[PDB]
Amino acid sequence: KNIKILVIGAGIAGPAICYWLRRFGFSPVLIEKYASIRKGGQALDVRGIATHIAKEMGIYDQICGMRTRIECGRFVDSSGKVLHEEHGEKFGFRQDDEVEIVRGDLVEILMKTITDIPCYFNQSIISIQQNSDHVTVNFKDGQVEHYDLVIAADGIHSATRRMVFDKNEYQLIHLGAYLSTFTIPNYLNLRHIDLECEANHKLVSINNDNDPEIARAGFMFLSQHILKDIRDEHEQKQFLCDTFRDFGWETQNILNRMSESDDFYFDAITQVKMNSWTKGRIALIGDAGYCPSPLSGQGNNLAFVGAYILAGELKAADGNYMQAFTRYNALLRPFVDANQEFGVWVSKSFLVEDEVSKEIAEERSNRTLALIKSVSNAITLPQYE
């Protein structure tokens, strides 16, 4: 199985499928557009059947070792006055094998699992073509490589999806919200605490977990505005500075340190709707194919499942990408629908701030806990040895 396979994107789906592809006898090559591993991102939750895959890969103990250590959580008003304080109650109500871990720590654990897999950074594809025999990949530095299969794991803004799929074959659905997170110097000397302030359909957060020198800032807000270019960091940062102008609290102290952050992340809360995630010798995995959006809390787990099934089906098809890709599209269909529908469900209430009572709030919260456990296990994983 010396089949040439290209995997685009050193995020979560990308590194995960590289491990499984190698474990099943294939020889993948991994590329990343940025000069180094992007370890940004808020805390993620490895949950449901994804924990089972994590245990199979042999990383579940590492993930448990690098789990979030926040000891206290405070919601405050714009004056800093405490309204609600928690000390870990949130984690009790949740699923059993769920583990919360900062995204970059999870990516680092995944990158250590594929140290024997080639990985080239600062590598950008400019165009892709394919025929019955091979895929042609053209790189910005002048290289032209031929591959038997190409797998895209470059995120919801997948440039591969745009180079391979027509506009009539994929739809991006805006859920009326935006998310941003970045690390800054811990100017508040916070220790194992998360502070959040919600007002006027906006949320501002700042936390400290392990590194006492660094704090992670977070912004979430409702909006239907669309950027001229969702990939222009300068427009992203200006839009964030304008929406949170006059919010008060620690917003300006946070945004003033935004320029010295090395892990900036900003995106719209969006979903990718496709009838198929494969075209010829090219397959999409993770957010590139079926992003459930941050509001589902399931993007990383769907990345895990999609990587395992695609690599497994290729093993079961003895390299017949025609059959594997077809089974891949079918097996993941119910799981994608459950998770994406859950995400839309959450968006109906997210930051709405409708004047509801504790009864209404507790019912939505408990129904979210039940709904997310069923969704996280909405599929039974096959076996491939």
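Heads up: residue numbers just count along the shown sequence, starting at 1.
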{"query": "Stretch with the greater mean C-alpha B-factor as recorded in the entry, comparing 347-355 against 33-41", "finding": "347-355"}
{"query": "Between 300-308 and 222-230 (mean CA B-factor, as deposited), the higher", "finding": "222-230"}
{"query": "Out of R257, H87, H174, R103, residue topping the C-alpha B-factor column of the entry", "finding": "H87"}
{"query": "Third of the chain's Cα B-factor distribution that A378 belongs to, per the entry", "finding": "middle"}
{"query": "Assigned third (lowest, middle, highest) for the C-alpha B factor of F335", "finding": "middle"}
{"query": "Ranked against its chain, the third holding the CA B-factor of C18", "finding": "lowest"}
{"query": "Lowest, middle or highest third - CA B-factor, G80", "finding": "highest"}
{"query": "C64 - Cα temperature factor, lowest/middle/highest third of chain", "finding": "highest"}
